[PDB]
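# Observations on the three-dimensional arrangement
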Amino acid sequence: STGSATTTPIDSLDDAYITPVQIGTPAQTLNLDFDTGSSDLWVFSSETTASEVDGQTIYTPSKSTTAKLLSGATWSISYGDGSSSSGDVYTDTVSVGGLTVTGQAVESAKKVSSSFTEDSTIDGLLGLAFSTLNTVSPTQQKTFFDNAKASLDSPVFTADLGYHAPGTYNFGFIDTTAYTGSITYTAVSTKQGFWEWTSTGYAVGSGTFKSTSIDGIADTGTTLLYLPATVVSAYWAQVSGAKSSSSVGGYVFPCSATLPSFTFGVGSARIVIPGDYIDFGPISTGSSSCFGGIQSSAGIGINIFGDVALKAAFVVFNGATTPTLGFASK
């Protein structure tokens, strides 16, 4: 089998992407944030504290003839940005882009943090990291991809995120029309449960390439590119007037600037992020200070190749017995 679904930016800055997902019978369609940095499929629901729901579409398991309470199971998750959610668990039929999994754990939120409430466009998350990170207790549950894998034509999914435009998530096949040149594959460590890999280096604008190993994760659920402070300082030093602002919480730059590109290495191959992809707009309405899309990972503990980087590439998440990651230009 295969599946193919369009993913759409939630706003004009590409702050996140939402993909429609069918849950239950008859189908209830919710727009979920596909997140290769976590491993829980959770949704706003009829069980979510009413004051914490503000415009989201909810899953109502009592209206699904295929929903079953997973008795005794609970979940609770905290994300890198400090957001969180928790609740109980159902199993139900879940379909993405024509690909159907029966018996999928659908984690129903009883509580969500303010950032989730305040984002009316995201109805939940669909985790695509390794199932070892799944938070369901006392019986850990599998991700949608793990459940689907044996049935797929090939044990892979691909992310093709757009810049200020829709893109595509495919399951079970590699669309050879969706990228230019060749896909370069690179080793993955699953030891922390992430799609963790080692970039071979970077360049700033038309500058020379610096060969240096940068360990990080491919994370579709993170907006920005978070890299070591040395690398990030070298980037922003090429933008007149750019500075790190502790009050804003990262590097900002004059909105009048033209940003240089940023290149990252994948083996001997190179992925070029255009300067425009690094512009996250005014820090507040009307301001002439703009927020940067490349930021230091120093406070985080891990480097993160988030959407700013991934949207410059066609990315293969290869879930074979020994997983790998593939990157192509497009």
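Thresholds applied
Residues numbered from 1 in each chain as written, not as in the entry; some residues may be left out. Heavy atoms only, no water. Residues with missing side-chain atoms left out of burial classes, pairs and counts. Core = buried A, V, L, I, M, F, W, Y, C linked by side-chain atoms within 4.5 Å. Buried < 20%, exposed > 50% of the residue type's maximum accessible area, 1.4 Å probe, protein only. Helix = DSSP H or I, 4+ residues; strand = E, 2+ residues; numbered from the N terminus. Domains from an automatic or database assignment. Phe/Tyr/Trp six-rings, centres within 6.5 Å; stacked < 30°, edge-to-face > 60°. UniProt positions renumbered as here; feature names shortened; annotations may be inferred. Contact = heavy atoms within 4.5 Å. Polar contact = N/O pair within 3.5 Å; in protein donor to acceptor, adjacent residues only side chain to side chain. Pairing = 2+ DSSP bridges. Axes fitted to C-alpha atoms, helices over the stretch in contact; angles between N-to-C directions. Buried area = accessible area lost by both parts, 1.4 Å probe. Salt bridge = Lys/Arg side-chain N within 4 Å of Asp/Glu carboxyl O. Nonpolar A, V, L, I, M, F, W, Y, C, P; charged D, E, K, R; others polar.

### Looking at the nonpolar core
One finds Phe171, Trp236, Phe262, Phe264, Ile273 and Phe327 to be the most contacted residues of the largest nonpolar core, which totals 68 residues. With 4 residues, helix α3 (residues 229–236) is the single largest residue contributor to this core. If you count residues domain by domain, this core takes at least three from each of domain 1 (5–174) and domain 2 (175–330). Core analysis: the second largest hydrophobic core is formed by 17 residues, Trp42, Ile77, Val89 and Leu125 among them.

### Quick notes on the packing of aromatic side chains
Think of a pair of aromatic rings as described by two things: how far the centres are apart, and how the planes are tilted against each other in angle. Per the stated rule, a full pass over the model turns up 25 aromatic pairs. Ring geometry for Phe157 against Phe317: centres 4.6 Å apart, planes inclined by 5 degrees, an arrangement best described as stacked. Within this pair, whereas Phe157 is found in strand β9 (residues 156–160), its partner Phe317 is found in strand β23 (residues 314–318), the two being separated by 160 residues in sequence. Exposure remark for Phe157: the relative accessible area of 0% places this residue in the buried category.

### Things to note about the UniProt feature "active site" in the protein
The sites that UniProt annotates as "active site" are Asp35 and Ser199. Within the secondary structure layout, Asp35 lies in strand β3 (residues 28–35). What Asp35 contacts, discounting residues up to four positions off in sequence, is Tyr79, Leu125, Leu126, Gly127, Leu128, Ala129, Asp219, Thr220 and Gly221. Within the structure, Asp35 has its side chain in polar contact with the side chain of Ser38 (distance 2.6 Å). Judged by its relative accessible area of 1%, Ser199 is buried. Setting aside residues up to four positions removed in sequence, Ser199 forms contacts with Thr212, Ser213, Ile214, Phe264, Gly265 and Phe305.

### Observations concerning the sheet that holds strand β19 (residues 279–282)
Taken together, 4 strands build an open sheet; the order of strands is β15-β16-β20-β19 and the sheet is antiparallel. Strands at the two margins of the open sheet, each flanked by one partner only, are β15 (243–245) and β19. Strand-to-strand twist in this sheet, taken as the mean axis angle between neighbours without regard to direction, amounts to 40 degrees.

### Considering the domain arrangement of the protein
Under the domain assignment, the protein is made up of domain 1 (5–174) and domain 2 (175–330). At the interface, 29 residues of domain 1 touch 33 residues of domain 2. Taking both partners together, domain 1 and domain 2 bury about 2400 Å²; carbon and sulfur atoms supply 58% of that area. When residues of domain 1 are sorted by the area they lose upon contact with domain 2, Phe130, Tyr163 and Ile174 head the list and together hold 28% of the total. Summed over the shared surface of domain 1 and domain 2, the result is 2 salt bridges. One salt bridge in this structure joins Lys330 and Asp160, with 2.8 Å as the shortest N-O distance. Our enumeration of links across domain 1 and domain 2 arrives at 15 residue pairs in polar contact. Elements with a contribution of two residues or more to the side of domain 1 that touches domain 2: β3, β9 and β10 (167–171). Looking at the side of domain 1 that touches domain 2 element by element, the count peaks at 5 residues for β9. Here the side of domain 1 that touches domain 2 is composed, by residue class, of 18 nonpolar, 6 polar and 5 charged.

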